[PDB]
Structure formats: C-alpha cells, structure tokens
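Read the structure below first, then the notes.
Side chains are part of it too, since the values below use all heavy atoms of this structure and drop only hydrogens, waters and symmetry mates. Here, residue 1 is the first one in the sequence, and each next residue gets the next number. One-based numbering, in listed order, for ligands and for the atoms of each.
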Amino acid sequence: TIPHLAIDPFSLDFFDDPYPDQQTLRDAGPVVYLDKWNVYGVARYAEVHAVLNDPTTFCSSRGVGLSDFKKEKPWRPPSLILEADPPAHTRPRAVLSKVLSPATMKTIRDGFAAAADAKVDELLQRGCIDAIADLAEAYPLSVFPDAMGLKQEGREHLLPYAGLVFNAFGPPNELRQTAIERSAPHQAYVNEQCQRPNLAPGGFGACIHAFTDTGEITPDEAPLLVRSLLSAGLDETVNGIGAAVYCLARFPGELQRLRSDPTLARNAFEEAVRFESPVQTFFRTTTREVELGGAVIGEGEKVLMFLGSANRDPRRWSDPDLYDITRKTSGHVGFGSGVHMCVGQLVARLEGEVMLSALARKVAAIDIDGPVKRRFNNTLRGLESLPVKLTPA
Ligand code: HEM
Ligand SMILES: O=C(O)c1ccc(OC(F)(F)F)cc1
Ligand SMILES: [Cl-]
C-alpha cells in the first residue's frame with residue numbers, strides 16, 4: 001500500500017537537481033518508503049507539517065539524522081534542544097529563546113545593518129565578486145562570531161564544523177564519513193569556546209552562561225547549549241543569503257521591485273528561505289505505530305521530511321518554482337514548525353533583511369558573469385561559488 005522508491009535523496013545527482021525527483025516523491029503518494037536507506041519519506045506540505053507538529057509520535061530524542069540513537073552511538077553528545085523532546089527540551093528552548101529574543105535583536109541591529117551596508121559598498125568598488133565567498137559567507141562571519149562573543153583565534157574552524165554537523169545528519173555515505181573522520185580538531189575548537197571564560201561578556205555565549213543563575217539550566221548544561229549556536233545558524237544563513245542573491249540575479253523583475261520598496265527586504269529573504277530552503281531535510285523517529293496518509297508506520301522507524309519539497313508543493317503554493325518577494329510566505333517550513341521551530345529565526349531574518357536592504361538601496365543590477373558551482377552537503381542546499389557583477393544604483 002506504500003510505494004517503494006529507489007530514489008537516493010542524499011546522492012550527488014539528487015543535490016544537483018532535486019526538484020523533479022521531489023515531484024516524483026510527492027506524486028507517488030502521501031507516504032513513501034525509500035528502499036535505499038530503509039526509511040519512510042513524506043514530501044507533501046500537508047504531511048510534513050502534520051509530522052512536525054506531532055512531536056509525541058514523531059520524536060526528536062532519537063536523533064534528527066538517519067542514525068537512531070536507540071541503536072547507534074551519536075557522533076557527538078546529543079544537542080540539549082534539537083535532539084530533545086518535551087519536557088527535557090523546554091527549558092533549554094526557553095533560554096535560547098531569551099538569548100536570541102526580540103529584545104536582543106535591538107542590541108545587534110545597528111551593528112548588523114552597518115556591516116551589511118559597508119560590505120555592499122565595498123563589493124561595489126570591486127565590481128566582479130563571488131557572492132558566496134565575498135558576500136553570503138563574508139557577511140555572516142563578520143557579524144555573528146562577534147555577536148557570540150567568540151575570540152579571534154580559531155574562527156577558521158567555524159565553517160568546517162557547521163558543514164560537519166549537517167553532513168552528520170545524513171546516511172553513512174561518503175559525505176558523512178569524510179566529514180566525521182578527522183573531525184576532532186573542529187570538535188576540540190568548538191567545545192573549548194563553549195566554556196564560560198572564553199566568551200566575551202555581553203555576547204550570546206556569555207548570556208547563556210548567565211542563565212545558569214536562574215535555574216533554567218545548570219552550569220554543566222551551558223556549554224552544550226552554547227554549542228548549539230556554533231552548530232546551527234552559520235551555514236543555513238550563508239546559503240539563504242546566497243540563494244537570495246542568486247534569485248535576485250535570476251529574477252531581475254524582483255530586484256527591481258525590491259529596489260522600488262526596500263521595506264520588502266525582510267519578506268524577500270523569507271521567500272528566499274522558502275524557495276531554496278537551506279535546510280532541505282531532517283528525520284523524526286516514530287515512538288509508536290502510527291497512521292500517516294493511509295499508511296501504517298511501525299514503532300522505531302525513521303521518517304524523512306522533505307522541507308524543500310514541502311515548500312514547493314503545488315497543492316499548497318501557487319507557482320512554487322517562482323521567486324516572488326510579495327508572496328505570503330507565512331506557513332512555509334523552511335524554519336520548521338511547532339515546538340522545534342528555529343529558535344534562531346530572528347537572527348537569520350535580521351542578517352538576511354539588512355543584507356537585502358543594503359542591496360535594495362545600493363545596487364541596480366546583479367549579473368552572473370562566471371561559472372556557478374553547487375555546494376554539496378547531506379542536509380544543506382546552497383552554492384559553492386556565484387560570480388556576479390554588481391552595478392551600483
Ligand atoms: C536561513 C537560516 C536558517 C534556517 C533555514 C534554519 C532552519 C531550521 C530548522 C528547519 C529547524 C528545525 C529543526 C527540527 O525541527 O528538528 C531549526 C531549529 C534550530 N535552529 Fe535554525 N535555521 C536557520 C538559522 C538559524 C540561526 C541563525 C540559528 C542561531 C542563531 C539557528 C539555530 C537553531 C537551533 C538551536 C535550533 C533548534 C531549535 C529547537 O530544537 O527547538 N538557526 N532551524
Ligand atoms: O543544537 C544543535 O546543535 C543544532 C544543530 C543543527 C540545527 O539545525 C537543524 F538541523 F536544521 F535543525 C539546529 C540545532
Ligand atoms: Cl563538538
């Protein structure tokens with residue numbers, strides 16, 4: 001009753017062009033079985049959303065990668081928030097919610113905005129730049145590590161560690177094994193920076209430690225919570241901004257609309273997040289036998305959610321393949337949905353908004369003028385290189 005498919009959603013051919021296979025996954029039925037990895041798959045918006053919002057049945061404490069923590073050892077001590085279910089998840093969620101709070105955004109907005117403006121003006125003096133290295137990557141590295149309160153030494157491990165984290169959610173394919181093997185230097189750097197003495201007062205990391213005084217988290221929990229902010233946030237945001245610039249270069253009509261009303265910057269980034277969904281997939285594990293789309297799924301089964309496919313499901317979105325900076329994006333699952341919905345979403349939108357605002361006000365055209373190269377990762381979608389010529393307004 002459940003269609004079996006041989007599609008490998010973690011293969012390079014799939015990464016290279018996922019969208020046709022995603023329609024195959026969507027149209028085969030509301031629930032499919034992927035024989036290549038022995039997991040269930042849900043690629044329609046309705047089922048992905050239902051699964052995200054049913055945490056008692058589709059749990060997170062057995063890992064959000066392919067690996068089942070009841071069966072294998074996690075490659076690193078499990079995240080206190082991402083890999084936890086309620087009630088264990090609740091208090092670490094509240095701490096991160098407050099550290100990255102709306103109130104917190106007021107303290108960093110002016111510096112984040114200034115850095116984005118300065119970066120666009122800088123790139124306009126060069127003309128022909130790589131919108132990944134020189135923009136999508138450079139901008140977040142120039143604001144976030146400082147906002148964390150990270151010291152200067154060792155920041156070179158930040159991008160390798162982020163890519164490792166997301167590759168590790170995948171199956172035990174080449175990408176994951178190459179990532180995990182010899183990863184200890186990245187792990188050692190990150191773990192060391194999680195200790196209180198290494199975090200500048202006033203920053204996100206130090207503020208997490210400050211919450212150990214309140215009883216929401218204990219001192220031995222703080223380093224693992226700090227680790228969360230050195231795991232998530234960087235690569236996704238980089239890929240998100242990179243996708244936006246690519247979209248603004250492939251849809252010149254939308255760059256012109258954004259130029260005419262820079263206040264669309266925030267929604268132009270949200271639409272970028274739906275359109276490319278930097279986080280393409282992750283897993284839940286059934287805690288009990290469950291019915292989903294007429295399919296009975298046993299207990300202890302891994303379930304693969306296709307966030308990107310759900311964000312392009314024509315059952316939910318009109319013209320899902322088009323970049324529309326005035327689309328009503330409310331409801332997209334690019335940040336997840338429910339109890340685990342991205343706690344860092346306010347930082348990501350700030351970074352994305354102020355960068356697109358900088359572009360909206362200072363750039364007149366964005367033209368691809370060189371080979372575009374995709375960045376490959378088990379869970380993340382994004383570009384490796386995007387050579388563009390920027391025309392000043
Ligand atoms: C475009 C950028 C981003 C995207 C697409 C994204 C995506 C996601 C998704 C899909 C989830 C849900 C995971 C799940 O349900 O299992 C999530 C949660 C999370 N995100 Fe983000 N994220 C982004 C930016 C950030 C930033 C900037 C931070 C930190 C500053 C961050 C930190 C986290 C954390 C700690 C969680 C775990 C939340 C929980 O388990 O309650 N992310 N993110
Ligand atoms: O707590 C962590 O280490 C963590 C890691 C990754 C992450 O991003 C996503 F996988 F998309 F949810 C969120 C949190
Ligand atoms: Cl680590």
Query raised in the report: Can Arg312 be said to sit on top of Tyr19's aromatic six-ring, NZ or CZ under 6.0 Å from centre and within 45° of the ring axis?
Result: yes
For [X], atoms of ligand 1 separated by under 4.0 Å from a heavy atom:
| X | answer |
| --- | --- |
| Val339 | 41 (O) |
| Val279 | 7 (C) |
| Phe282 | 10 (C), 12 (C), 13 (C), 14 (C), 15 (O), 16 (O) |
| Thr237 | 2 (C), 27 (C) |
| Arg93 | 38 (C), 39 (C), 41 (O) |

**Report entry** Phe58 and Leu292: CA distance, side-chain angles, deciding distance, side chain to side chain contact (heavy atoms under 4.5 Å, CB included) verdict
**Finding:** CA-CA 11 Å; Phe58 300 90; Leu292 189 58; 4.1 Å; yes
State whether the side chain of [X] and the backbone N or O of [Y] hold a donor-acceptor pair below 3.5 Å, judged by distance alone.
| X | Y | result |
| --- | --- | --- |
| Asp68 | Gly63 | no |
| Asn167 | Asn377 | no |
| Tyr246 | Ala131 | no |
| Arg91 | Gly215 | yes |

Closest protein heavy atom (residue, atom, distance) for [atom]:
| atom | value |
| --- | --- |
| atom 11 (C) of ligand 1 | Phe335 O, 3.7 Å |
| atom 27 (C) of ligand 1 | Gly233 CA, 3.4 Å |
| atom 29 (C) of ligand 1 | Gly344 CA, 3.8 Å |
| atom 5 (C) of ligand 2 | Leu82 CD2, 3.7 Å |
| atom 12 (C) of ligand 1 | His340 O, 3.6 Å |
| atom 9 (C) of ligand 2 | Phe166 CE2, 3.7 Å |
| atom 39 (C) of ligand 1 | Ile81 CG1, 3.2 Å |
| atom 2 (C) of ligand 1 | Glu236 CB, 3.5 Å |

Requested in this report: Inspect the contact between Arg361 and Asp117 and indicate whether a charged nitrogen and a carboxylate oxygen are less than 4.0 angstrom apart.
Outcome: yes
Determine, considering heavy atoms only, which of [options] sits nearest to [atom].
| atom | options | answer |
| --- | --- | --- |
| atom 7 (C) of ligand 1 | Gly334, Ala348, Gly338 | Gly334 |
| atom 2 (C) of ligand 2 | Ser228, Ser60, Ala232, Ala162 | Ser228 |
| atom 15 (O) of ligand 1 | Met341, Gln280, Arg284 | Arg284 |
| atom 33 (C) of ligand 1 | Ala232, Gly240, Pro55, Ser79 | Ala232 |
| atom 34 (C) of ligand 1 | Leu80, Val343, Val333 | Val343 |
| atom 19 (C) of ligand 1 | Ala84, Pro278, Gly352, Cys342 | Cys342 |

Query - Nitrogen or oxygen atoms of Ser79 and ligand 2 under 3.5 Å apart - result: yes
Query raised in the report: Would one find an N or O of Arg76, backbone or side chain, under 3.5 Å from an N or O of ligand 2?
Result: yes
Query raised in the report: Which atoms of ligand 2 are found less than 4.0 Å from any heavy atom of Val279?
Result: 11 (F)
Requested in this report: Give the atoms of ligand 2, by number and element, whose distance to some non-hydrogen atom of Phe169 is under 4.0 Å.
Outcome: 6 (C), 10 (F)
Would one find more than 12 heavy atoms of other residues, nucleotides or ligands at under 6.0 Å from atom [atom1] of [X]?
| X | atom1 | result |
| --- | --- | --- |
| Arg182 | CZ | no |
| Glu291 | CD | yes |
| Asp110 | CG | no |

Query raised in the report: Are any non-hydrogen side-chain atoms of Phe376 and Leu12 less than 4.5 angstrom apart?
Result: yes
Query raised in the report: Does any non-hydrogen side-chain atom of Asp8 lie less than 4.5 Å from one of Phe14?
Result: no
At under 4.0 Å between heavy atoms, is it the side chain or the backbone of [X] that contacts ligand 1, or both, or neither?
| X | answer |
| --- | --- |
| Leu307 | side chain |
| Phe144 | side chain |
| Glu83 | neither |
| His89 | side chain |

Query raised in the report: Which bit of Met341 gets closer than 4.0 Å to ligand 2, counting heavy atoms only: side chain, backbone, both or neither?
Result: neither
Query raised in the report: Which class fits the ring pair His49 and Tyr45: parallel under 30°, tilted 30 to 60°, perpendicular over 60°?
Result: parallel
Requested in this report: Please work out which of the three classes, parallel, tilted or perpendicular, describes the rings of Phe275 and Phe251, given edges at 30° and 60°.
Outcome: perpendicular
Report task. Could you tell me whether the side chains of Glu192 and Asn198 share a donor-acceptor contact shorter than 3.5 Å? Result -> yes
Query raised in the report: Are a donor atom and an acceptor atom from the side chains of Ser231 and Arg76 found within less than 3.5 Å of each other?
Result: yes
